[PDB]
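Colleague: Sending over upload.txt (compact mmCIF, C-alpha atoms).
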# COMPACT_ATOMS: atom_id res chain seq x y z
CA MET B 1 26.38 26.87 2.29
CA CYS B 2 22.67 26.96 3.07
CA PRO B 3 20.56 29.99 4.08
CA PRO B 4 20.06 30.86 7.76
CA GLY B 5 17.88 28.36 9.60
CA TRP B 6 18.35 25.75 6.88
CA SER B 7 20.42 22.60 7.28
CA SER B 8 22.79 20.79 4.94
CA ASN B 9 23.23 17.15 3.95
CA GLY B 10 24.71 15.63 0.82
CA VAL B 11 25.27 19.15 -0.51
CA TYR B 12 21.51 19.77 -0.26
CA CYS B 13 19.65 22.30 1.88
CA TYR B 14 16.71 21.22 4.04
CA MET B 15 14.20 22.92 6.26
CA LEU B 16 11.20 21.69 8.21
CA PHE B 17 8.31 24.14 8.35
CA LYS B 18 5.87 24.04 11.25
CA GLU B 19 3.06 25.38 9.05
CA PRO B 20 0.24 22.90 8.26
CA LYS B 21 -0.63 22.72 4.57
CA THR B 22 -1.99 20.51 1.80
CA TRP B 23 0.51 18.38 -0.23
CA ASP B 24 -0.05 20.74 -3.16
CA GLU B 25 0.35 23.98 -1.23
CA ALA B 26 3.37 22.84 0.75
CA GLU B 27 4.98 21.63 -2.47
CA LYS B 28 4.20 24.98 -4.07
CA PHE B 29 5.57 26.77 -1.03
CA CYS B 30 8.90 24.91 -1.26
CA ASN B 31 9.32 25.81 -4.91
CA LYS B 32 9.14 29.49 -3.97
CA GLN B 33 11.96 29.48 -1.40
CA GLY B 34 14.68 28.76 -3.95
CA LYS B 35 15.02 27.71 -7.57
CA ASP B 36 13.88 24.10 -7.69
CA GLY B 37 12.99 23.73 -4.04
CA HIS B 38 10.47 20.93 -3.47
CA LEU B 39 8.88 18.77 -0.81
CA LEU B 40 11.72 16.59 0.41
CA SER B 41 12.54 13.44 -1.51
CA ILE B 42 14.29 10.67 0.47
CA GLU B 43 16.90 8.69 -1.39
CA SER B 44 18.77 6.78 1.30
CA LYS B 45 18.56 5.35 4.81
CA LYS B 46 21.15 7.96 5.76
CA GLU B 47 19.07 10.79 4.32
CA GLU B 48 15.83 9.35 5.77
CA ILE B 49 17.68 9.57 9.04
CA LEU B 50 18.89 13.15 8.53
CA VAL B 51 15.29 14.26 7.90
CA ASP B 52 13.45 12.61 10.82
CA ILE B 53 16.02 14.17 13.14
CA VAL B 54 15.53 17.59 11.56
CA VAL B 55 11.80 17.01 12.04
CA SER B 56 12.35 15.88 15.63
CA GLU B 57 14.11 19.13 16.55
CA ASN B 58 12.33 21.89 14.63
CA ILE B 59 8.70 20.82 14.42
CA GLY B 60 6.47 21.13 17.67
CA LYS B 61 4.63 17.72 17.58
CA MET B 62 2.36 16.55 14.78
CA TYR B 63 1.50 13.01 13.58
CA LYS B 64 2.51 13.38 9.95
CA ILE B 65 4.98 15.39 7.85
CA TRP B 66 4.73 15.87 4.09
CA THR B 67 7.43 14.48 1.78
CA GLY B 68 7.27 14.80 -2.01
CA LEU B 69 6.12 11.28 -2.81
CA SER B 70 3.14 11.80 -5.10
CA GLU B 71 0.80 9.43 -6.87
CA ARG B 72 1.31 9.51 -10.64
CA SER B 73 -2.35 8.86 -11.38
CA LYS B 74 -1.43 6.12 -13.87
CA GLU B 75 -3.64 3.44 -12.30
CA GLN B 76 -4.96 2.19 -15.64
CA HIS B 77 -1.36 1.46 -16.62
CA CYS B 78 -0.40 -0.02 -13.26
CA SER B 79 -3.07 -2.73 -13.02
CA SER B 80 -2.27 -5.21 -10.23
CA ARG B 81 -2.52 -8.95 -10.81
CA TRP B 82 -4.05 -11.75 -8.78
CA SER B 83 -1.79 -14.78 -8.44
CA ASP B 84 -2.91 -15.25 -12.07
CA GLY B 85 -5.52 -12.86 -13.52
CA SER B 86 -6.08 -9.10 -13.64
CA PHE B 87 -7.36 -6.94 -10.81
CA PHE B 88 -10.54 -5.34 -12.18
CA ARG B 89 -13.50 -6.37 -10.11
CA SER B 90 -12.53 -4.92 -6.74
CA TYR B 91 -14.55 -4.45 -3.57
CA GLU B 92 -13.08 -2.34 -0.78
CA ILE B 93 -14.34 0.54 1.33
CA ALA B 94 -12.03 2.90 -0.51
CA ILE B 95 -13.22 5.98 1.38
CA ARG B 96 -11.54 9.04 -0.11
CA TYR B 97 -8.51 8.86 -2.39
CA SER B 98 -5.04 8.97 -0.81
CA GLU B 99 -2.48 9.90 -3.47
CA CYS B 100 0.07 11.18 -1.00
CA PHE B 101 2.65 9.91 1.46
CA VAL B 102 4.00 11.57 4.58
CA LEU B 103 6.27 10.66 7.48
CA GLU B 104 4.72 9.21 10.63
CA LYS B 105 5.72 10.29 14.13
CA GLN B 106 4.74 6.78 15.22
CA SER B 107 7.86 5.33 13.62
CA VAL B 108 9.99 8.32 14.58
CA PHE B 109 9.34 9.74 11.12
CA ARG B 110 11.39 7.05 9.39
CA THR B 111 8.61 5.19 7.59
CA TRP B 112 6.04 6.32 5.03
CA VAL B 113 2.26 6.05 5.24
CA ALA B 114 -0.32 6.57 2.51
CA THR B 115 -2.39 9.62 3.41
CA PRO B 116 -5.01 12.03 1.97
CA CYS B 117 -3.30 14.85 0.11
CA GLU B 118 -5.89 17.36 1.29
CA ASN B 119 -4.77 16.91 4.89
CA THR B 120 -2.88 19.78 6.49
CA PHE B 121 0.47 18.71 7.94
CA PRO B 122 3.84 20.38 8.56
CA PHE B 123 6.45 19.72 5.90
CA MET B 124 10.12 19.55 4.91
CA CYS B 125 11.53 21.47 1.97
CA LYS B 126 14.67 20.65 0.05
CA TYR B 127 16.70 22.11 -2.82
CA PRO B 128 20.26 22.03 -4.29
CA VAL B 129 22.37 25.18 -3.90
CA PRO B 130 23.85 24.56 -7.40
CA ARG B 131 20.32 25.28 -8.64
CA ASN S 1 -15.29 -31.55 -13.10
CA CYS S 2 -13.34 -31.34 -9.82
CA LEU S 3 -11.59 -33.71 -7.43
CA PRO S 4 -13.39 -35.05 -4.33
CA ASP S 5 -14.20 -32.34 -1.76
CA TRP S 6 -13.82 -29.45 -4.22
CA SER S 7 -16.83 -27.39 -5.27
CA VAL S 8 -17.54 -26.52 -8.89
CA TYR S 9 -18.52 -23.15 -10.37
CA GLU S 10 -18.04 -21.41 -13.74
CA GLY S 11 -15.24 -23.78 -14.73
CA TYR S 12 -13.34 -23.40 -11.46
CA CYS S 13 -12.78 -25.69 -8.49
CA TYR S 14 -12.88 -24.39 -4.93
CA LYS S 15 -11.86 -26.01 -1.69
CA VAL S 16 -11.93 -24.51 1.78
CA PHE S 17 -9.31 -25.11 4.43
CA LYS S 18 -9.45 -24.30 8.13
CA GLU S 19 -5.70 -23.73 8.58
CA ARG S 20 -4.28 -20.40 9.71
CA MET S 21 -1.39 -19.08 7.63
CA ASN S 22 0.20 -15.82 6.60
CA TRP S 23 -0.44 -14.71 3.04
CA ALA S 24 2.83 -16.14 1.66
CA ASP S 25 2.42 -19.59 3.19
CA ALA S 26 -1.26 -19.66 2.22
CA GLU S 27 -0.37 -19.16 -1.44
CA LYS S 28 2.33 -21.83 -1.25
CA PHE S 29 -0.02 -24.29 0.49
CA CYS S 30 -2.58 -23.67 -2.23
CA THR S 31 -0.13 -24.23 -5.08
CA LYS S 32 0.60 -27.54 -3.37
CA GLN S 33 -2.99 -28.81 -3.21
CA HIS S 34 -3.48 -29.20 -6.95
CA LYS S 35 -2.00 -28.04 -10.25
CA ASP S 36 -2.71 -24.41 -11.11
CA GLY S 37 -4.22 -23.89 -7.66
CA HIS S 38 -3.78 -20.50 -5.96
CA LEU S 39 -5.39 -18.40 -3.22
CA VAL S 40 -8.88 -17.66 -4.46
CA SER S 41 -9.25 -14.68 -6.79
CA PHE S 42 -12.50 -12.77 -7.34
CA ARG S 43 -13.69 -11.19 -10.57
CA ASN S 44 -17.38 -11.32 -9.61
CA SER S 45 -18.55 -14.17 -11.81
CA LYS S 46 -20.64 -14.11 -8.64
CA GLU S 47 -17.90 -16.22 -7.10
CA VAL S 48 -18.17 -14.14 -3.95
CA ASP S 49 -21.69 -15.26 -3.13
CA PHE S 50 -20.86 -18.82 -4.14
CA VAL S 51 -17.49 -18.91 -2.39
CA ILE S 52 -19.02 -17.42 0.74
CA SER S 53 -22.41 -19.18 0.45
CA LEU S 54 -21.24 -22.64 -0.65
CA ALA S 55 -17.43 -22.72 -0.65
CA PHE S 56 -17.58 -21.18 2.84
CA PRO S 57 -20.33 -22.91 4.85
CA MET S 58 -17.69 -25.63 4.96
CA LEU S 59 -15.61 -23.02 6.77
CA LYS S 60 -15.47 -20.94 9.95
CA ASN S 61 -17.01 -18.17 7.85
CA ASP S 62 -14.94 -15.01 8.94
CA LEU S 63 -11.83 -13.79 7.21
CA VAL S 64 -10.33 -15.71 4.27
CA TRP S 65 -7.15 -14.70 2.40
CA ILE S 66 -7.57 -13.27 -1.07
CA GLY S 67 -4.83 -13.95 -3.61
CA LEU S 68 -3.83 -10.33 -4.10
CA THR S 69 -0.93 -8.45 -2.49
CA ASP S 70 -1.18 -4.90 -3.78
CA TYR S 71 2.36 -3.86 -2.74
CA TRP S 72 3.36 -0.27 -3.44
CA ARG S 73 5.05 0.04 -6.83
CA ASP S 74 7.15 2.56 -8.78
CA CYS S 75 4.60 2.40 -11.59
CA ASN S 76 2.25 4.79 -9.81
CA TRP S 77 4.29 6.87 -7.35
CA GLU S 78 7.13 9.36 -7.74
CA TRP S 79 9.04 12.24 -6.19
CA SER S 80 7.94 15.78 -6.97
CA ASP S 81 11.57 16.62 -7.69
CA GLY S 82 11.72 13.95 -10.38
CA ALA S 83 14.36 11.97 -8.48
CA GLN S 84 14.18 8.22 -9.03
CA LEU S 85 12.37 6.12 -6.42
CA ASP S 86 15.17 3.75 -5.43
CA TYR S 87 15.23 3.59 -1.64
CA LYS S 88 11.70 3.16 -0.28
CA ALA S 89 10.47 3.06 3.32
CA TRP S 90 6.80 2.21 2.86
CA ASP S 91 5.35 -0.89 4.49
CA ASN S 92 5.36 -3.96 2.25
CA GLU S 93 3.62 -6.29 4.70
CA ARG S 94 0.61 -4.02 4.61
CA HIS S 95 -1.78 -4.59 1.70
CA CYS S 96 -2.54 -8.27 1.53
CA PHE S 97 -6.13 -8.57 0.38
CA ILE S 98 -8.74 -10.20 2.55
CA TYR S 99 -12.43 -10.92 2.63
CA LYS S 100 -14.26 -10.14 5.83
CA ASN S 101 -17.49 -12.12 5.83
CA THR S 102 -19.02 -9.91 8.53
CA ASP S 103 -18.44 -6.76 6.47
CA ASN S 104 -19.26 -8.51 3.22
CA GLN S 105 -16.44 -6.75 1.43
CA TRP S 106 -12.66 -6.95 0.96
CA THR S 107 -9.98 -5.32 3.13
CA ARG S 108 -6.22 -4.74 3.23
CA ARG S 109 -4.30 -6.12 6.17
CA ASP S 110 -0.86 -7.11 7.37
CA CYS S 111 0.46 -9.91 5.17
CA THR S 112 2.21 -11.26 8.26
CA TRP S 113 -0.91 -12.22 10.17
CA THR S 114 -2.86 -15.47 9.88
CA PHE S 115 -6.11 -16.33 8.12
CA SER S 116 -8.22 -19.13 6.70
CA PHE S 117 -8.05 -19.80 2.99
CA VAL S 118 -9.85 -20.87 -0.12
CA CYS S 119 -7.71 -22.26 -2.91
CA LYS S 120 -8.88 -22.11 -6.53
CA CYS S 121 -7.80 -23.68 -9.83
CA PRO S 122 -9.55 -23.60 -13.25
CA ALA S 123 -10.72 -27.05 -14.34
Starting from the file, give its structure as structure tokens.
Modeller:
Amino acid sequence: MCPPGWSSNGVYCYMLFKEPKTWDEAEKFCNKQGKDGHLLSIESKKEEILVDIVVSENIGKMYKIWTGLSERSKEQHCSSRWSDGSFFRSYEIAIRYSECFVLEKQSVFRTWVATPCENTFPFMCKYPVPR
Amino acid sequence: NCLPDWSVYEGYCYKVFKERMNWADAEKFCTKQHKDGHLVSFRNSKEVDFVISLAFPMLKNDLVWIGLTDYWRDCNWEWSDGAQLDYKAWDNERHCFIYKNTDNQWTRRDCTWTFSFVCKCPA
């Protein structure tokens, strides 16, 4: 029993919004539509599939769509390891920081790709009717 | 300090190979060359310069694998709705570290492709 225009899956309501925003703003936007709404989280291949298809039908084309996969900013606690030592000295052209993930039209919106949070892209909201 | 055909530097031995392997095989091949050997790792004991200036002139000097696969982990990413990050659909093959000699810096690339390699084991 989801609002008009919204779709249902696994007793959850979902809606894709063709309104480009920042991770932060889209996330904020989703939390205003209904108690505990959020950028969509994807917990199964089946769900991943129910979302790309809702993207495919309601969003007029765009290369990326925001999902709620956010960086925890715990890097100093998540130090990677070489096939032995610790990953401190590093040397990459780490342009700007990309602490966000979105869905890529390239892979029919089924896969995730690390992207800059500040980028404006359509999004998919989600929330449970039982609050 | 090192076996024949292996360069010495700061207590480590380095040998260059001209084979072309994917990350995974490269690591395995390295472990096989000598005890405690692995794809070269860099911490900047000025190994870079050395590795590329001495433990490289004995190589095609391009693109060598780096022993670091920075695969996405649960430790630093999560859902805004606090749901656990079980199912994941991010690319795992992406992110194998690599050194591009022409750019004189590291880079992340498909773990599935092929590259030269420099194995390293502490003496």
Colleague: I'd like the contact shell of segment 92-102 of chain B - 7 Å cut-off, only C-alpha atoms, skipping same-chain residues fewer than 6 positions apart - returned as a PyMOL selection string.
Modeller: (chain B and resi 64-67+69-71+112-117) or (chain S and resi 105-107)
Colleague: For residue 67 of chain S, which of B:81, B:126, B:61, B:89 is the closest residue, counting only C-alpha atoms?
Modeller: B:81
Colleague: Quick one: distance from atom CA of residue 118 of chain S to atom CA of residue 42 of chain S in Å, one decimal?
Modeller: 11.2 Å
Colleague: Contacts between chain S and chain B, please, where a residue of chain B counts if it comes within 8 Å (with only C-alpha atoms); show its shortest atom pair and distance in Å to one decimal, rows by chain and ascending number, as a Markdown table.
Modeller:
| residue | atom | partner | partner_atom | distance |
| --- | --- | --- | --- | --- |
| B:27 | CA | S:80 | CA | 8.0 |
| B:36 | CA | S:81 | CA | 7.8 |
| B:38 | CA | S:81 | CA | 6.1 |
| B:39 | CA | S:80 | CA | 6.9 |
| B:41 | CA | S:79 | CA | 6.0 |
| B:42 | CA | S:87 | CA | 7.4 |
| B:43 | CA | S:87 | CA | 5.4 |
| B:44 | CA | S:87 | CA | 5.6 |
| B:45 | CA | S:87 | CA | 7.5 |
| B:68 | CA | S:80 | CA | 5.1 |
| B:69 | CA | S:79 | CA | 4.6 |
| B:70 | CA | S:78 | CA | 5.4 |
| B:71 | CA | S:77 | CA | 4.4 |
| B:72 | CA | S:76 | CA | 4.9 |
| B:73 | CA | S:76 | CA | 6.3 |
| B:74 | CA | S:76 | CA | 5.6 |
| B:75 | CA | S:76 | CA | 6.5 |
| B:77 | CA | S:75 | CA | 7.9 |
| B:78 | CA | S:75 | CA | 5.8 |
| B:80 | CA | S:70 | CA | 6.5 |
| B:81 | CA | S:68 | CA | 7.0 |
| B:82 | CA | S:68 | CA | 4.9 |
| B:83 | CA | S:67 | CA | 5.8 |
| B:85 | CA | S:41 | CA | 7.9 |
| B:87 | CA | S:43 | CA | 7.6 |
| B:88 | CA | S:43 | CA | 6.8 |
| B:89 | CA | S:43 | CA | 4.8 |
| B:90 | CA | S:43 | CA | 7.4 |
| B:91 | CA | S:106 | CA | 5.5 |
| B:92 | CA | S:106 | CA | 4.9 |
| B:93 | CA | S:107 | CA | 7.5 |
| B:110 | CA | S:89 | CA | 7.3 |
| B:111 | CA | S:89 | CA | 5.1 |
| B:112 | CA | S:90 | CA | 4.7 |
| B:113 | CA | S:90 | CA | 6.4 |
Colleague: Extract, using only C-alpha atoms, all DNA, RNA and protein residues at most 9 Å from residue 17 of chain B, discarding same-chain residues fewer than 5 positions from it, and format them as a CSV table (one decimal) with C-alpha atoms, keeping the file's coordinate frame.
Modeller:
chain,number,residue,atom,x,y,z
B,55,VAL,CA,11.8,17.0,12.0
B,58,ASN,CA,12.3,21.9,14.6
B,59,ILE,CA,8.7,20.8,14.4
B,122,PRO,CA,3.8,20.4,8.6
B,123,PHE,CA,6.4,19.7,5.9
B,124,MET,CA,10.1,19.6,4.9
B,125,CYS,CA,11.5,21.5,2.0
Colleague: For the atom pair atom CA of residue 115 of chain S and atom CA of residue 64 of chain S, what is the interatomic distance in Å to one decimal place?
Modeller: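 We find that atom CA of residue 115 of chain S and atom CA of residue 64 of chain S lie 5.7 Å from each other.
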Colleague: How many Å lie between atom CA of residue 2 of chain S and atom CA of residue 29 of chain S, rounded to one decimal?
Modeller: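 Computing the Euclidean distance for atom CA of residue 2 of chain S and atom CA of residue 29 of chain S yields 18.3 Å.
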Colleague: Choose the residue, out of B:129, B:119, B:47, B:109, that has the smallest atom-to-atom separation from residue 21 of chain B; count all atoms listed in the file.
Modeller: B:119
Colleague: With distances taken over all atoms listed in the file, which residue among S:123, S:16, S:8, S:26 lies nearest residue 57 of chain S?
Modeller: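 Using all atoms listed in the file, the shortest distance to residue 57 of chain S belongs to S:16.
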Colleague: Env of residue 60 of chain S: 9 Å cut, atoms = all atoms listed in the file, seq-sep filter 4 positions within chain, self excluded. Answer as a PyMOL selection string.
Modeller: chain S and resi 18+56+116
Colleague: Excluding residue 130 of chain B and any residue of its chain fewer than 6 positions from it, enumerate the residues within 12 Å of it, using only C-alpha atoms, and give them as JSON, numbers by chain.
Modeller: {"B": [1, 2, 11, 12, 13, 34, 35, 36, 37]}
Colleague: Would you pick out the contacts of residue 1 of chain S at 12 Å or less, using only C-alpha atoms, so that residues sharing its chain but fewer than 2 positions from it are not included, and give the list as an MDAnalysis selection string?
Modeller: chainID S and resid 3:14 121:123
